[PDB]
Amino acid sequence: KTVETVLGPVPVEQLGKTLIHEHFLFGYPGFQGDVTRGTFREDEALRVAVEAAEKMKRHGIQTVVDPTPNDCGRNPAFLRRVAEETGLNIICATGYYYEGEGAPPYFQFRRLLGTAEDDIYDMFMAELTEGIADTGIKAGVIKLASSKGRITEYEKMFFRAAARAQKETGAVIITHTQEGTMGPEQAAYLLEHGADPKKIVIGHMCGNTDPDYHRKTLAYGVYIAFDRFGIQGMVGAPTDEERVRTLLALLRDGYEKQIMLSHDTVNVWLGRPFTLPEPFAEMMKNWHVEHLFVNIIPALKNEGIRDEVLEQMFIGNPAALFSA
């Protein structure tokens, strides 16, 4: 009936139009060490955050799930400030990034002491039911991620703990797949440990452009997300054209009730500011929160997708997802 947000519990019946995967703040593990030259300009970040939030509300968005990992600059207190100033419902997460590019030394160590999984589970429980640090803010989703072509042994501890925290709380699990791989695998592993398919969102599915891969994942009964619209070139990612084609093939097969969309934007980059080289800066031109509403959805309508299906993805699916 309710889900935890940065401002406290909110009736699931009130989430409304939802972007399932966006980042107000984000930093690659290691930015913390570049504090001297890559300081966090609080007020400016919030200005940028707030504008982004306002651009979403301008298109009907009422809720955003910001799944920024514990080791990537998660900052509930800052999210709360954005929520207080915009009225936007913001749901944060608990979880670590994938091994390829996260901060694994800490828990790899506890793995030697043979307590990692229990410690992780203890962490998920605490952030899901008591609060994150001394902020009083609880996380609404468990964030998981796997590497390219494999779910490492390090990542499996997080998956097992996730399934266990989910059995206990009925918390939603959101995942990150790397370069269109491991979708079916993530679902199988999570289900094999008792996780509830109706509470799982396998992310970055748009990373694979072969519908049989999607169908193979959809068969486990989970939700999947085409959440990187706008990201082009970088990460051997596909194109928005390919994304649409794949999405169209699924919508026509009748999978609308298992599909969600988002951009996966990074509104304020943590650490030192950088600028992307000419070639890529161009292909990423549409990587912003208004992209789905200004370019993608109009495109889907010309292709015959009707309003009822769009509402199912942006309002109905999130509603079902967050309610047992």
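From 1 onward, residues are counted along the sequence shown.
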Quiz item: Averaging C-alpha B-factors over each stretch, which comes out higher, 99 to 107 or 197 to 205?
Solution: 99 to 107
Exercise. Mind pulling up the entry and telling me whether 227 to 235 or 90 to 98 has the higher mean Cα temperature factor?
Key: 227 to 235
Quiz item: For the listed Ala163, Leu113, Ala219, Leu144, which has the peak Cα B-factor recorded in the PDB entry?
Solution: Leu113
Quiz item: From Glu185, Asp71, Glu127, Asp212, which pick has the Cα B-factor that tops the rest in the entry?
Solution: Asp212
Practice problem: Using the B-factor values recorded in the entry, state whether the Cα atom of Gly170 falls in the lowest, middle or highest third among the modelled residues of its chain. | Solution: highest
Quiz item: Taking the C-alpha B-factors as the PDB entry records them, is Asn75 in the lowest, middle or highest third of its chain?
Solution: lowest
Quiz item: Looking at the C-alpha B-factor of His176, is it in the lowest, middle or highest third of its chain?
Solution: lowest
Quiz item: Relative to the other modelled residues in the chain, which third contains the C-alpha temperature factor of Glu311: lowest, middle or highest?
Solution: middle
Self-check item: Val50, C-alpha B-factor rank within chain (lowest, middle or highest third)
Solution: middle
